[PDB]
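Quick setup: the structure tokens below cover two forms of a single protein chain, split into structure 1 and structure 2.
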Structure 1
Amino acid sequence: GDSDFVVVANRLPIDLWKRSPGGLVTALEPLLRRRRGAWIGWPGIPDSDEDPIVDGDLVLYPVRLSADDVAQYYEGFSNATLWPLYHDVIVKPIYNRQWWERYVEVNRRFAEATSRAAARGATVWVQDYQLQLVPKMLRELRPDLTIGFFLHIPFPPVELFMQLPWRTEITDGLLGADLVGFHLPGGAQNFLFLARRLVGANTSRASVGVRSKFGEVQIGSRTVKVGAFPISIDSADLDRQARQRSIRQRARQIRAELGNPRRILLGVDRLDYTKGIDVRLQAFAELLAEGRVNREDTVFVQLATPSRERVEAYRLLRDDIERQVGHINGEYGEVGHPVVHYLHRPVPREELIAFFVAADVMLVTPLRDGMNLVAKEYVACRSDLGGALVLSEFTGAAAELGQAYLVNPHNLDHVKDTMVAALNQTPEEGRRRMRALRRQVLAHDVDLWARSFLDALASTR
């Protein structure tokens, strides 16, 4: 093809069609302004054409997937095998050979579409866990390409990874890249150890740095670079948006509609068993039972975005969370005044920002999360320096946001102590923490992340 920079991701960067706002596709804009750029992905509709679509800024290459393809490659292998395994088997992975076979077939199709788009010697950046076979497949089709891969979810310890019957194929798949990146040094180090243990490759032994001190894996005549690049957001843009009059007005209206509580706790997540929503609710219930939170002036809002309804584990999770909600309100609410407000629906971005602005305590308590950008978004929104972030240690974000109230979500006693502390912090202490968190997040944005990864990738040439 005629593109010298190519992104490969499970989905095209569109909404159903118009270009989706923000995200990676926006972070890359000033590179696409000087490159012949392409994006390979599934357009989100079954059995579409694979005819290229010019976006002026980008050229989009659609990948044809049937509904059955999506069921077995995506909702099957990706979300019911890889997702739970990589997130510390919070639920039991399902090992299914037909899912594997479709995952291979679909990965090859992405590889073919990439080659079609990629000019000679082009730079290719493959995204995330659905496409781990693509780098090797692409190198075999197109040895002229420079190939980067970034994993957005955690890379699990070897003891868990080894469960995968296709462990070697996945590892070889990733080793097809010139650069393999993870959010955290821990993931990079697991990958190095896996390369030694499973594949028998020679690797570097030193600790892996942050955006520096890269590891290496020797594969025959070529070297694979391994690095840690923690993703972030467009901090400045969110900071700006959150100051808008209409957002501030909505935040005040939210508090009014909640009956003007003294304190609002907020959870914002896709409904996933990795997110520790159940832990927040358990902690809140026990605090109310113990009289350590005031049921008359404190309210918890949980906004759950529907996710993966076709996967049974998610339906069961929804059932447990919805039981907790009903239970806590039945026990501690009053007619016309719940202590927990729970919504299971998509939420417009501007409404979410208004909730960040209204919330006195942000509860981000995943059991395991690659990064978690909701924590960083809350921080970027609080230019008033109000609020408080309660953050699980088991997120990538916890490595950068040390000034937050950090918790081990498995330590329920300390989660409860911490929620009380966040709710009752002095104004000055709250400001001190938020000021420090904002300094970090404003300085370490998605632009820094993307430039760091691409600089590392370019250096493999």
Structure 2
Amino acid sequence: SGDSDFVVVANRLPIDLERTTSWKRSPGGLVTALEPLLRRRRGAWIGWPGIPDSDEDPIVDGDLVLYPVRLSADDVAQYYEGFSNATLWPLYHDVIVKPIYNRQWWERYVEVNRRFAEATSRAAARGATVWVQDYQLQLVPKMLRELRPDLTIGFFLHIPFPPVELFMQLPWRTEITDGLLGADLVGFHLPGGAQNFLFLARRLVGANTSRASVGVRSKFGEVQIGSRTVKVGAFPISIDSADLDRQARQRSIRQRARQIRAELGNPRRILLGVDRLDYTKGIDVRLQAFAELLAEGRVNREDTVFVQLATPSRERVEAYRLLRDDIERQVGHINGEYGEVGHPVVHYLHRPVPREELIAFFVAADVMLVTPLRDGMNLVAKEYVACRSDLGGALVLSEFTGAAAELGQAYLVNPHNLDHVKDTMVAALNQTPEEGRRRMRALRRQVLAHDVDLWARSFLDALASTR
């Protein structure tokens, strides 16, 4: 029973309650991609409203119906801050930080996944399509299948799927793999993730799998699980490109971008970073590179400025606190060394910026610095590109983002190679107008054609074909 023929399930709702109450837009690219999707398409969205011990009364946000899931304080600590973001997040991002393996966290993760599955069953009509999202909910597909074998179940992982050598560290590796194999379709951004999953299915579970490489939105892999076949595919996520492109063309935004440059004392060049404050994002790398370019006199400290817009994220997790301390030290250091009173070389904001203000920064920025150590996709890169209909700008992009597989005309860097990052920043800052416009035209052709609608259609058509 349940009234919805199409249900999305994620740890996040598109809204986030702030503590007296107040709704804000939820952070992260998962919401950035899925929100415009569910605003245009009928369907229900199940998720946590971002505070402990909330109501579970349905919330109507416009045309969209949200079903909130209650998490206790202990749930938030052990399932969300703990297993999800201090076990899985670091492990799947190439153990950039040492994962913590904790059995109590695992037990809570199982409990919460069960709660999400049950909530899904209550929302889902007979024979509904259910699309489960991301690493917090990897047990839900198997749990949901056991409760509701009538459902068609898709799972998409929004973060990298790590190499088998690292995944095998997880004490609950088999349970996680079994969880994912409960879906009819398991999707990843990149073929590499899909292939890691297929190999894992062979070694760990001993299931028969396809042995061919996986294509992009094509040439799907398969895993045989007794009576069932699980389809495996790569579907690189994107943004609502055309909408953002139109938004960035507004006179007010173009005016605001000019004002931002005026407020910065009309620099010749503005470099911009935009990220959650997360250790995967390489904010420390871009600051170090900028610092060394200033030290070497390869960037002019009088007419070049870097703006970093960092959103606070997962702040109770100790690794994130330590990262914040390190980034803020770099900011103070660089300004102390190269700034003047009344004129910093680095402007750093530790807050979410309103959407239209963010777009104005994209339009103002001569160089976009997107330097993650590892990122499943990175939508900030694609957002910048969509905003530059003027064909100005330059995107400096880490090759360890999923986006680099699509945005080859960007200035690609190995963020571990600081000399390469430094050389490339100089190249982007000094590019000719024609070379800049050539690259930006090429990037925009890709991003405008490969949008979130193409992504969702591809995944859901593949999911439907399992019926």
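The term rigid core refers to the most C-alpha atoms you can superpose between the two forms while keeping them within 1.5 Å. Residues are numbered by position in structure 1's sequence, first residue being 1.
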Superposing on the rigid core, which residue among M434, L60, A422, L401 shifts its Cα by at least 2 Å between structures 1 and 2? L60
Cα displacement of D413 between structures 1 and 2 reaching 2 Å, rigid core superposed: no
C-alpha of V446: shift of 2 angstroms or more between structures 1 and 2, rigid core aligned? no
Shift in Å of the C-alpha at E29 between structures 1 and 2 after core superposition: 8.9
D51 CA shift between structures 1 and 2 in angstrom, with the core used for superposition: 4.1
In Å, how far apart are the CA positions of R11 between structures 1 and 2 with the rigid core superposed? 2.5
